[PDB]
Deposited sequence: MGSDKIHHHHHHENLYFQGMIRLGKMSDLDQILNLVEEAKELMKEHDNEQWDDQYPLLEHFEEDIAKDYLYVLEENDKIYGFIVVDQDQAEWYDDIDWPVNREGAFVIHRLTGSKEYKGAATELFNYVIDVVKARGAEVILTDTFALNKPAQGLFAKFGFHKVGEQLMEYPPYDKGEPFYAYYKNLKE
């Protein structure tokens, strides 16, 4: 519902969510976020003018994915590269993850992939919540059928 694509004007909030995540668990990412936004690959969950989480999804797969013996076909698969919610609303992560899974299903996709590094350590439970399967860091896949 008010998940929408992120815009350049949302960057400061996007960055502050990243740093908020880092502070909970304790340069080059600004450039990569700008690119994600330019390519319309980043969605945000927003109420009032405030951003409560974001997610980056596309079909670019990590070069290292090629080093794994996957049990599913990857040709044309979607990939969730990063997902973050907020202190003020942790549930934003779940809504975003879920919104993206629905869009890829609607598009006829069969497989959505991701990896441990897409989520904050304490959010790792979401891999389970959404039925992803592993293939210490892990790569994950979800068969959408």
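Against the full deposited sequence, the model leaves out several stretches, namely 1-18, 45-54, 164-177, 188.
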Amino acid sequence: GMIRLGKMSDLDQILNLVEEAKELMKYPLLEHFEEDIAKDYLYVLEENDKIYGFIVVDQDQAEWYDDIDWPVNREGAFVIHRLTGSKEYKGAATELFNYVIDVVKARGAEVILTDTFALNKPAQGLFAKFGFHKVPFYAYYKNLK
From here on, numbers count along this sequence of modelled residues.
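Comparing the deposited coordinates for 27-35 and 99-107, the stretch with the larger average C-alpha B-factor is 27-35.
Per-chain ranking of the deposited C-alpha B factor places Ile112 in the highest third.
Split the chain's modelled residues into thirds by C-alpha temperature factor. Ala139 is in the lowest one. The deposited CA B-factor of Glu47 belongs to the highest third of values across its chain. Ranked against the other modelled residues of its chain, the C-alpha B-factor of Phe54 as given in the entry falls in the lowest third. Sorting the modelled residues of the chain by their CA temperature factor places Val18 in the middle third.
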